[PDB]
Amino acid sequence: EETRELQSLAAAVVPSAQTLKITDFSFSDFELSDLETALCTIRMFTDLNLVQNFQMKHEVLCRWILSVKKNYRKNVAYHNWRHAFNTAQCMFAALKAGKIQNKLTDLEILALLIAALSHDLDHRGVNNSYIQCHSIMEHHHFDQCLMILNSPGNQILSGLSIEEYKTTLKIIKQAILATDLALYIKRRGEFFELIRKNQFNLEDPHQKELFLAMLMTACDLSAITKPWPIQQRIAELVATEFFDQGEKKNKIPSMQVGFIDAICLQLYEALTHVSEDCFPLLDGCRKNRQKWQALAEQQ
Ligand SMILES: O=c1c2c(F)cccc2oc2c(Cc3ccc4c(c3)OCO4)[nH]c(-c3nccs3)c12
Ligand SMILES: [Mg+2]
């Protein structure tokens, strides 16, 4: 039963962030059970002071994490719980190892972590896009997020005041909507020009919101930064979703270089200017570009 999964999770000991390796940008989840990802997720909340500062009951958080996990589709090859889990893991690593934690409020951190885990809820697959611009899919991901956040027993934000709740919901909404790459493509120019001119200032509310959005995209796409054998396997999953609805290997390397140049490099370059300790994401992205390019030239 589902409630048997909850007992095991609620009862278990949550090992530290160091043991779980969740502070490392190089993190991988291929060796982890579903239960183990749920533990790493508890430790993320815990070591960001979110359980303390917003008074989350253990039983509620556990049930919430499991509800979230249930609302991804495992038959979808890439856009599933593991991608969401990894996205949140990258957010955690960017906050701790990347030293972004200090540049944000606790409400912003809570919203990003929840948004990261929720940002692709009930995704059907890039191909399976039959419904019934304005970023329609991300609106549905947020609706799912909200539906779970309001479910009996899953209300991890009950400890917030009414004002804190509405702010956090606003930030969560913005953050999930930022994972539409069309919005990323539309807003990134400003971010890059504000970093190029040395005019970047997080005290400005508009520039904070813009940064929260760019951070979300950095985490969402961070599989492109992983060590080569991890990257290859995650590329393989993406390909299974893009093709097989669940000669081929000729074109893949060139596309990966195309995607890195078009979307990824500038973002990770920009993020590194904001905080130098996020360099490993840029570095890992460059190393993967080198490797795909070598394959693209017929190695
Ligand atoms: O995460 C993405 C990705 C995305 F998020 C949103 C939109 C497009 C994307 O394309 C991606 C490629 C390029 C690509 C495009 C089409 C393909 C393909 C590879 O293989 C088969 O068909 N690589 C990755 C990753 N690779 C590693 C981690 S993320 C992709
Ligand atoms: Mg998405």
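Don't overthink the numbers, they just go from 1 along the chain as shown.
Just so you know, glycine gets a Cβ as well, placed from its N, Cα and C.
When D180, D204, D220 are compared with the Zn(2+) site residues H83, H119, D120 in Swiss-Prot, the one appearing in that site is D220.
Other residues of the same chain near the Zn(2+) site, with their Cβ within 8 Å of the Cβ centroid of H83, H119, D120, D220, are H79, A84, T87, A116, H123, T179. On the backbone, the CA of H79 (active site, proton donor) and the CA of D220 (Zn(2+) binding site) stand 11 Å apart. Gap between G246 and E247: 17 residues not modelled, C-alpha separation 19 Å. Distance between the Cα atoms of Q132 and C133, which bracket 10 unmodelled residues, is 16 Å.
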